[PDB]
């Protein structure tokens, strides 16, 4: 629990940086995910952002919209598995909201801090 309240801080930040979209930050996002994940996590990450994907944020949002993440509740299943539930939000430089959704991020991780995300599955609510 001294370790779990820490594992929860690392778990919020991971879901934030990963599910955000600021087009001026993609290289640091990528770098962040690269250094916080296993290579299949990091890859499925990239195979989602690729412009090959119709649902990619780059295709939808481009340079106009910017996605924000609000952490709602974390479900600590065990020491290596957690479920972050959160809210998305897409608004332009005007403020007119387009997307506002409710998401579960089913995570498997390892933490001693050396935080590594070994699994990542998203679910819409």
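Numbering follows the first chain given and starts at 1.
*Asks:* Unmodelled residues of the deposited sequence between residue 112 and residue 113: none, 1 to 3, 4 to 9, or 10 or more?
*Replies:* Gap between residue 112 and residue 113: 10 or more unmodelled residues.
*Asks:* Between 26-34 and 90-98, name whichever shows the higher mean Cα B factor according to the PDB entry.
*Replies:* On average, C-alpha B-factors are higher across 90-98.
*Asks:* Tell me, lowest, middle or highest third: where does the Cα B factor of residue 78 rank within its chain?
*Replies:* Highest third of the chain for residue 78's C-alpha B-factor.
*Asks:* Among the modelled residues of this chain, does the Cα B factor of residue 50 put it in the lowest, middle or highest third?
*Replies:* According to the entry, residue 50 has a C-alpha B-factor in the chain's middle third.
*Asks:* Would you check the entry's CA temperature factor for residue 72 and let me know if it's in the chain's lowest, middle or highest third?
*Replies:* Middle third of the chain for residue 72's C-alpha B-factor.
*Asks:* Using the B-factor values recorded in the entry, state whether the Cα atom of residue 8 falls in the lowest, middle or highest third among the modelled residues of its chain.
*Replies:* It belongs to the middle third of the chain when residues are ordered by C-alpha B-factor.
*Asks:* Against its chain's modelled residues, does residue 58's Cα B factor rank lowest, middle or highest third?
*Replies:* Within its chain, residue 58 is a middle-third residue by C-alpha B-factor, going by the deposited values.
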